[PDB]
>>> print(open('final.cif').read())   # mmCIF, N, CA and C atoms
data_work
loop_
_atom_site.label_atom_id
_atom_site.label_comp_id
_atom_site.auth_asym_id
_atom_site.auth_seq_id
_atom_site.Cartn_x
_atom_site.Cartn_y
_atom_site.Cartn_z
N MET I 1 -42.53 -96.41 41.79
CA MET I 1 -41.11 -96.82 41.65
C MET I 1 -40.92 -98.25 42.13
N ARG I 2 -41.83 -99.14 41.75
CA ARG I 2 -41.79 -100.51 42.24
C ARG I 2 -41.27 -101.45 41.16
N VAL I 3 -40.11 -102.05 41.40
CA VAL I 3 -39.53 -102.97 40.44
C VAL I 3 -40.07 -104.39 40.64
N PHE I 4 -40.09 -105.16 39.57
CA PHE I 4 -40.56 -106.54 39.62
C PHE I 4 -39.57 -107.47 38.91
N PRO I 5 -38.76 -108.21 39.68
CA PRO I 5 -37.78 -109.15 39.12
C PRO I 5 -38.45 -110.38 38.49
N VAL I 6 -39.73 -110.53 38.76
CA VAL I 6 -40.51 -111.63 38.21
C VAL I 6 -41.73 -111.06 37.49
N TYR I 7 -42.30 -111.82 36.56
CA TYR I 7 -43.45 -111.36 35.81
C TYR I 7 -44.73 -111.53 36.63
N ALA I 8 -45.31 -112.73 36.57
CA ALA I 8 -46.50 -113.07 37.36
C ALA I 8 -47.63 -112.05 37.15
N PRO I 9 -48.38 -112.20 36.05
CA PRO I 9 -49.43 -111.25 35.66
C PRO I 9 -50.40 -110.91 36.79
N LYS I 10 -50.99 -111.94 37.37
CA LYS I 10 -52.01 -111.77 38.40
C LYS I 10 -51.44 -111.13 39.67
N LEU I 11 -50.16 -111.34 39.94
CA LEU I 11 -49.54 -110.75 41.13
C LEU I 11 -49.34 -109.25 40.94
N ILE I 12 -49.01 -108.86 39.71
CA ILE I 12 -48.86 -107.45 39.38
C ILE I 12 -50.18 -106.71 39.59
N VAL I 13 -51.24 -107.22 38.97
CA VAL I 13 -52.56 -106.60 39.06
C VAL I 13 -53.08 -106.60 40.50
N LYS I 14 -52.91 -107.72 41.19
CA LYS I 14 -53.37 -107.86 42.56
C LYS I 14 -52.72 -106.82 43.46
N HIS I 15 -51.45 -106.55 43.22
CA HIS I 15 -50.69 -105.62 44.05
C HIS I 15 -50.89 -104.18 43.56
N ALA I 16 -51.31 -104.04 42.30
CA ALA I 16 -51.58 -102.72 41.72
C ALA I 16 -52.80 -102.09 42.37
N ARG I 17 -53.60 -102.91 43.03
CA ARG I 17 -54.76 -102.43 43.77
C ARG I 17 -54.36 -101.41 44.84
N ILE I 18 -53.14 -101.56 45.36
CA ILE I 18 -52.65 -100.68 46.41
C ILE I 18 -51.72 -99.61 45.83
N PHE I 19 -51.03 -99.96 44.75
CA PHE I 19 -50.05 -99.08 44.12
C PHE I 19 -50.62 -98.38 42.89
N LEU I 20 -51.95 -98.50 42.73
CA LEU I 20 -52.71 -98.04 41.56
C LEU I 20 -52.14 -96.83 40.81
N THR I 21 -51.56 -95.87 41.51
CA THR I 21 -51.00 -94.71 40.86
C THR I 21 -49.47 -94.70 41.00
N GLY I 22 -48.78 -94.87 39.88
CA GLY I 22 -47.33 -94.87 39.90
C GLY I 22 -46.72 -95.52 38.68
N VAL I 23 -45.63 -96.24 38.90
CA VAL I 23 -44.89 -96.87 37.82
C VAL I 23 -44.13 -98.09 38.33
N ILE I 24 -44.12 -99.15 37.53
CA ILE I 24 -43.42 -100.38 37.89
C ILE I 24 -42.36 -100.71 36.86
N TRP I 25 -41.32 -101.40 37.29
CA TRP I 25 -40.27 -101.85 36.39
C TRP I 25 -40.17 -103.36 36.42
N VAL I 26 -41.08 -104.00 35.71
CA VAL I 26 -41.05 -105.45 35.58
C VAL I 26 -39.90 -105.86 34.67
N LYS I 27 -39.26 -106.96 35.01
CA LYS I 27 -38.08 -107.42 34.28
C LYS I 27 -38.45 -108.11 32.97
N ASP I 28 -39.72 -108.39 32.79
CA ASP I 28 -40.18 -109.05 31.57
C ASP I 28 -40.66 -108.03 30.55
N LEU I 29 -41.32 -106.98 31.02
CA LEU I 29 -41.87 -105.97 30.12
C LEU I 29 -41.02 -104.71 30.12
N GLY I 30 -40.80 -104.15 31.30
CA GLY I 30 -40.02 -102.94 31.41
C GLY I 30 -40.70 -101.90 32.27
N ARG I 31 -40.56 -100.64 31.88
CA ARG I 31 -41.15 -99.53 32.61
C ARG I 31 -42.64 -99.40 32.28
N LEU I 32 -43.48 -99.66 33.28
CA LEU I 32 -44.93 -99.64 33.09
C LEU I 32 -45.58 -98.62 33.99
N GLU I 33 -46.21 -97.61 33.41
CA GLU I 33 -46.91 -96.61 34.18
C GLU I 33 -48.39 -96.95 34.25
N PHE I 34 -48.99 -96.67 35.39
CA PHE I 34 -50.40 -96.95 35.62
C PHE I 34 -50.97 -95.92 36.58
N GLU I 35 -52.15 -95.43 36.28
CA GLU I 35 -52.74 -94.37 37.07
C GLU I 35 -54.12 -94.77 37.55
N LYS I 36 -54.23 -94.95 38.86
CA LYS I 36 -55.47 -95.36 39.52
C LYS I 36 -56.02 -96.65 38.92
N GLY I 37 -55.14 -97.64 38.79
CA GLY I 37 -55.55 -98.96 38.38
C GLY I 37 -55.32 -99.24 36.91
N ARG I 38 -55.47 -98.21 36.09
CA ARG I 38 -55.36 -98.39 34.65
C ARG I 38 -53.93 -98.29 34.18
N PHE I 39 -53.43 -99.44 33.80
CA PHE I 39 -52.14 -99.57 33.17
C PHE I 39 -52.12 -98.81 31.84
N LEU I 40 -51.18 -97.89 31.71
CA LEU I 40 -51.12 -97.02 30.55
C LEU I 40 -50.15 -97.56 29.50
N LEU I 41 -50.39 -97.20 28.25
CA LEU I 41 -49.51 -97.56 27.16
C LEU I 41 -48.49 -96.45 26.92
N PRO I 42 -47.22 -96.70 27.24
CA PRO I 42 -46.14 -95.73 27.01
C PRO I 42 -46.05 -95.33 25.55
N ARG I 43 -46.16 -96.33 24.68
CA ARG I 43 -46.17 -96.14 23.24
C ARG I 43 -46.62 -97.43 22.58
N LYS I 44 -46.37 -97.55 21.28
CA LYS I 44 -46.67 -98.79 20.57
C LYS I 44 -45.88 -99.95 21.17
N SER I 45 -44.56 -99.77 21.23
CA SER I 45 -43.66 -100.76 21.81
C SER I 45 -43.73 -102.09 21.05
N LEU I 46 -43.22 -103.14 21.66
CA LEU I 46 -43.30 -104.47 21.08
C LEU I 46 -44.65 -105.09 21.39
N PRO I 47 -45.21 -105.86 20.44
CA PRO I 47 -46.50 -106.54 20.62
C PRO I 47 -46.58 -107.32 21.93
N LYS I 48 -45.46 -107.94 22.31
CA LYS I 48 -45.36 -108.65 23.58
C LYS I 48 -45.84 -107.78 24.74
N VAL I 49 -45.32 -106.56 24.81
CA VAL I 49 -45.62 -105.66 25.90
C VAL I 49 -47.03 -105.09 25.77
N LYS I 50 -47.39 -104.70 24.56
CA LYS I 50 -48.68 -104.08 24.30
C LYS I 50 -49.82 -105.04 24.64
N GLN I 51 -49.72 -106.28 24.16
CA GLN I 51 -50.76 -107.27 24.40
C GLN I 51 -50.80 -107.67 25.87
N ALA I 52 -49.64 -107.71 26.50
CA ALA I 52 -49.54 -108.04 27.92
C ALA I 52 -50.33 -107.04 28.76
N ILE I 53 -50.14 -105.75 28.48
CA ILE I 53 -50.84 -104.70 29.19
C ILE I 53 -52.35 -104.81 28.97
N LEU I 54 -52.74 -105.20 27.77
CA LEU I 54 -54.15 -105.41 27.45
C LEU I 54 -54.74 -106.55 28.28
N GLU I 55 -54.01 -107.66 28.36
CA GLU I 55 -54.47 -108.81 29.13
C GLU I 55 -54.44 -108.50 30.62
N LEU I 56 -53.55 -107.62 31.04
CA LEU I 56 -53.52 -107.16 32.42
C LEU I 56 -54.78 -106.37 32.73
N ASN I 57 -55.17 -105.48 31.82
CA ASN I 57 -56.42 -104.72 31.96
C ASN I 57 -57.63 -105.65 31.89
N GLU I 58 -57.50 -106.71 31.10
CA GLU I 58 -58.52 -107.74 31.02
C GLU I 58 -58.69 -108.40 32.39
N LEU I 59 -57.57 -108.78 32.97
CA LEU I 59 -57.54 -109.38 34.29
C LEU I 59 -58.09 -108.40 35.33
N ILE I 60 -57.77 -107.12 35.17
CA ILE I 60 -58.31 -106.08 36.04
C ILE I 60 -59.83 -106.10 36.04
N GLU I 61 -60.42 -106.13 34.85
CA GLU I 61 -61.87 -106.13 34.71
C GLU I 61 -62.47 -107.45 35.19
N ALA I 62 -61.65 -108.48 35.28
CA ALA I 62 -62.11 -109.76 35.79
C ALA I 62 -62.21 -109.73 37.32
N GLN I 63 -61.20 -109.16 37.96
CA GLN I 63 -61.19 -109.03 39.41
C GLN I 63 -62.14 -107.93 39.86
N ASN I 64 -62.21 -106.87 39.08
CA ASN I 64 -63.13 -105.77 39.34
C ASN I 64 -64.55 -106.17 38.94
N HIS I 65 -64.78 -106.28 37.63
CA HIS I 65 -66.06 -106.72 37.06
C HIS I 65 -67.17 -105.69 37.24
N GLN I 66 -67.21 -105.04 38.39
CA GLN I 66 -68.25 -104.07 38.69
C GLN I 66 -68.09 -102.81 37.85
N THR I 67 -66.99 -102.09 38.07
CA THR I 67 -66.77 -100.79 37.46
C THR I 67 -67.91 -99.84 37.81
N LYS I 68 -67.79 -99.20 38.96
CA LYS I 68 -68.86 -98.36 39.49
C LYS I 68 -68.92 -97.03 38.74
N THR I 69 -70.03 -96.81 38.05
CA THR I 69 -70.19 -95.65 37.19
C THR I 69 -70.37 -94.36 37.99
N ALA I 70 -69.37 -93.49 37.92
CA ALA I 70 -69.44 -92.19 38.56
C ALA I 70 -69.06 -91.09 37.59
N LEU I 71 -67.92 -91.26 36.94
CA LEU I 71 -67.38 -90.25 36.03
C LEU I 71 -66.82 -90.92 34.79
N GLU I 72 -67.41 -92.06 34.43
CA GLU I 72 -66.93 -92.85 33.30
C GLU I 72 -67.09 -92.06 32.01
N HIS I 73 -68.09 -91.17 32.01
CA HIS I 73 -68.31 -90.21 30.94
C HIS I 73 -68.97 -90.85 29.72
N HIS I 74 -69.99 -90.18 29.20
CA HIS I 74 -70.63 -90.57 27.96
C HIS I 74 -69.58 -90.64 26.85
#
>>> encode(input="final.cif", output="structure tokens")
Amino acid sequence: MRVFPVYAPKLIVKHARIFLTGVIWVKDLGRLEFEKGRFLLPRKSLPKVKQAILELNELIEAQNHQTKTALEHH
């Protein structure tokens, strides 16, 4: 239930490290749900939002990079 009056892509992801499971209300995108780090797609939505979430996950994999294989599944 964390609202964001500002966008700031990297700040969202950086702080999502602690809030990994929940939902945010960014004023630029809207209601964004994410579970254990992975920002989820509510639906198709507008390309603006969809691509943003993709680049957020991109940024996630940039800060993470490792991705420790435990249950990633074949």
>>> resolve_selection(input="final.cif", expression="the PyMOL selection byres ((chain I and resi 28) around 6.5)", output="PyMOL selection string")
chain I and resi 4-7+25-27+29-30
>>> resolve_selection(input="final.cif", expression="the PyMOL selection byres (((chain I and resi 49-63 and name CA) around 12) and name CA)", output="number ranges by chain")
I: 7-17, 20, 26-34, 36-48, 64-68
>>> atom_distance(input="final.cif", atom1="atom CA of residue I:35", atom2="atom C of residue I:69")
17.7 Å
>>> select_by_dssp(input="final.cif", residues="chain I", states="strand (DSSP E or B)", output="count of residues only")
16
>>> atom_distance(input="final.cif", atom1="atom N of residue I:21", atom2="atom CA of residue I:3")
14.0 Å
>>> atom_distance(input="final.cif", atom1="atom C of residue I:19", atom2="atom N of residue I:70")
20.0 Å
>>> select_by_dssp(input="final.cif", residues="chain I", states="helix (DSSP H, G or I)", output="compact mmCIF listing (two decimals) with N, CA and C atoms, in the coordinates of the input")
# COMPACT_ATOMS: atom_id res chain seq x y z
N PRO I 9 -48.38 -112.20 36.05
CA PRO I 9 -49.43 -111.25 35.66
C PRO I 9 -50.40 -110.91 36.79
N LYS I 10 -50.99 -111.94 37.37
CA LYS I 10 -52.01 -111.77 38.40
C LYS I 10 -51.44 -111.13 39.67
N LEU I 11 -50.16 -111.34 39.94
CA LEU I 11 -49.54 -110.75 41.13
C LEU I 11 -49.34 -109.25 40.94
N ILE I 12 -49.01 -108.86 39.71
CA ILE I 12 -48.86 -107.45 39.38
C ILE I 12 -50.18 -106.71 39.59
N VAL I 13 -51.24 -107.22 38.97
CA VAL I 13 -52.56 -106.60 39.06
C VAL I 13 -53.08 -106.60 40.50
N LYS I 14 -52.91 -107.72 41.19
CA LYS I 14 -53.37 -107.86 42.56
C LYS I 14 -52.72 -106.82 43.46
N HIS I 15 -51.45 -106.55 43.22
CA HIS I 15 -50.69 -105.62 44.05
C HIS I 15 -50.89 -104.18 43.56
N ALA I 16 -51.31 -104.04 42.30
CA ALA I 16 -51.58 -102.72 41.72
C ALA I 16 -52.80 -102.09 42.37
N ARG I 17 -53.60 -102.91 43.03
CA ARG I 17 -54.76 -102.43 43.77
C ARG I 17 -54.36 -101.41 44.84
N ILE I 18 -53.14 -101.56 45.36
CA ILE I 18 -52.65 -100.68 46.41
C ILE I 18 -51.72 -99.61 45.83
N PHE I 19 -51.03 -99.96 44.75
CA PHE I 19 -50.05 -99.08 44.12
C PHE I 19 -50.62 -98.38 42.89
N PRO I 47 -45.21 -105.86 20.44
CA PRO I 47 -46.50 -106.54 20.62
C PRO I 47 -46.58 -107.32 21.93
N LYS I 48 -45.46 -107.94 22.31
CA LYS I 48 -45.36 -108.65 23.58
C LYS I 48 -45.84 -107.78 24.74
N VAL I 49 -45.32 -106.56 24.81
CA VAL I 49 -45.62 -105.66 25.90
C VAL I 49 -47.03 -105.09 25.77
N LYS I 50 -47.39 -104.70 24.56
CA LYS I 50 -48.68 -104.08 24.30
C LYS I 50 -49.82 -105.04 24.64
N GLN I 51 -49.72 -106.28 24.16
CA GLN I 51 -50.76 -107.27 24.40
C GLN I 51 -50.80 -107.67 25.87
N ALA I 52 -49.64 -107.71 26.50
CA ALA I 52 -49.54 -108.04 27.92
C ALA I 52 -50.33 -107.04 28.76
N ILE I 53 -50.14 -105.75 28.48
CA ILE I 53 -50.84 -104.70 29.19
C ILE I 53 -52.35 -104.81 28.97
N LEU I 54 -52.74 -105.20 27.77
CA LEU I 54 -54.15 -105.41 27.45
C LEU I 54 -54.74 -106.55 28.28
N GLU I 55 -54.01 -107.66 28.36
CA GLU I 55 -54.47 -108.81 29.13
C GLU I 55 -54.44 -108.50 30.62
N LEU I 56 -53.55 -107.62 31.04
CA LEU I 56 -53.52 -107.16 32.42
C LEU I 56 -54.78 -106.37 32.73
N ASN I 57 -55.17 -105.48 31.82
CA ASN I 57 -56.42 -104.72 31.96
C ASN I 57 -57.63 -105.65 31.89
N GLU I 58 -57.50 -106.71 31.10
CA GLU I 58 -58.52 -107.74 31.02
C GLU I 58 -58.69 -108.40 32.39
N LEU I 59 -57.57 -108.78 32.97
CA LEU I 59 -57.54 -109.38 34.29
C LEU I 59 -58.09 -108.40 35.33
N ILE I 60 -57.77 -107.12 35.17
CA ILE I 60 -58.31 -106.08 36.04
C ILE I 60 -59.83 -106.10 36.04
N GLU I 61 -60.42 -106.13 34.85
CA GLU I 61 -61.87 -106.13 34.71
C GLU I 61 -62.47 -107.45 35.19
N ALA I 62 -61.65 -108.48 35.28
CA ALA I 62 -62.11 -109.76 35.79
C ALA I 62 -62.21 -109.73 37.32
N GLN I 63 -61.20 -109.16 37.96
CA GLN I 63 -61.19 -109.03 39.41
C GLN I 63 -62.14 -107.93 39.86
N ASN I 64 -62.21 -106.87 39.08
CA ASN I 64 -63.13 -105.77 39.34
C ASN I 64 -64.55 -106.17 38.94
>>> build_atoms(input="final.cif", residues="stretch 36-50 of chain I", atoms="N, CA, C and O atoms", output="JSON list (two decimals), in the coordinates of the input")
[["chain", "number", "residue", "atom", "x", "y", "z"],
["I", 36, "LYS", "N", -54.23, -94.95, 38.86],
["I", 36, "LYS", "CA", -55.47, -95.36, 39.52],
["I", 36, "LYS", "C", -56.02, -96.65, 38.92],
["I", 36, "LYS", "O", -57.20, -96.75, 38.59],
["I", 37, "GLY", "N", -55.14, -97.64, 38.79],
["I", 37, "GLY", "CA", -55.55, -98.96, 38.38],
["I", 37, "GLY", "C", -55.32, -99.24, 36.91],
["I", 37, "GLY", "O", -55.00, -100.35, 36.53],
["I", 38, "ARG", "N", -55.47, -98.21, 36.09],
["I", 38, "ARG", "CA", -55.36, -98.39, 34.65],
["I", 38, "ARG", "C", -53.93, -98.29, 34.18],
["I", 38, "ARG", "O", -53.31, -97.22, 34.20],
["I", 39, "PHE", "N", -53.43, -99.44, 33.80],
["I", 39, "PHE", "CA", -52.14, -99.57, 33.17],
["I", 39, "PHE", "C", -52.12, -98.81, 31.84],
["I", 39, "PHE", "O", -52.95, -99.07, 30.97],
["I", 40, "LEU", "N", -51.18, -97.89, 31.71],
["I", 40, "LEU", "CA", -51.12, -97.02, 30.55],
["I", 40, "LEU", "C", -50.15, -97.56, 29.50],
["I", 40, "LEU", "O", -49.20, -98.28, 29.83],
["I", 41, "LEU", "N", -50.39, -97.20, 28.25],
["I", 41, "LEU", "CA", -49.51, -97.56, 27.16],
["I", 41, "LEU", "C", -48.49, -96.45, 26.92],
["I", 41, "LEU", "O", -48.86, -95.36, 26.47],
["I", 42, "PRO", "N", -47.22, -96.70, 27.24],
["I", 42, "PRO", "CA", -46.14, -95.73, 27.01],
["I", 42, "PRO", "C", -46.05, -95.33, 25.55],
["I", 42, "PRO", "O", -45.92, -94.15, 25.21],
["I", 43, "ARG", "N", -46.16, -96.33, 24.68],
["I", 43, "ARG", "CA", -46.17, -96.14, 23.24],
["I", 43, "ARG", "C", -46.62, -97.43, 22.58],
["I", 43, "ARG", "O", -47.21, -98.28, 23.23],
["I", 44, "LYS", "N", -46.37, -97.55, 21.28],
["I", 44, "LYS", "CA", -46.67, -98.79, 20.57],
["I", 44, "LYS", "C", -45.88, -99.95, 21.17],
["I", 44, "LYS", "O", -46.46, -100.96, 21.56],
["I", 45, "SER", "N", -44.56, -99.77, 21.23],
["I", 45, "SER", "CA", -43.66, -100.76, 21.81],
["I", 45, "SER", "C", -43.73, -102.09, 21.05],
["I", 45, "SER", "O", -44.22, -102.14, 19.91],
["I", 46, "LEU", "N", -43.22, -103.14, 21.66],
["I", 46, "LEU", "CA", -43.30, -104.47, 21.08],
["I", 46, "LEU", "C", -44.65, -105.09, 21.39],
["I", 46, "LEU", "O", -45.20, -104.88, 22.48],
["I", 47, "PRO", "N", -45.21, -105.86, 20.44],
["I", 47, "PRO", "CA", -46.50, -106.54, 20.62],
["I", 47, "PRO", "C", -46.58, -107.32, 21.93],
["I", 47, "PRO", "O", -47.63, -107.35, 22.57],
["I", 48, "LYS", "N", -45.46, -107.94, 22.31],
["I", 48, "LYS", "CA", -45.36, -108.65, 23.58],
["I", 48, "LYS", "C", -45.84, -107.78, 24.74],
["I", 48, "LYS", "O", -46.67, -108.20, 25.54],
["I", 49, "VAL", "N", -45.32, -106.56, 24.81],
["I", 49, "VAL", "CA", -45.62, -105.66, 25.90],
["I", 49, "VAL", "C", -47.03, -105.09, 25.77],
["I", 49, "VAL", "O", -47.78, -105.04, 26.75],
["I", 50, "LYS", "N", -47.39, -104.70, 24.56],
["I", 50, "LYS", "CA", -48.68, -104.08, 24.30],
["I", 50, "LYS", "C", -49.82, -105.04, 24.64],
["I", 50, "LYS", "O", -50.76, -104.68, 25.34]]
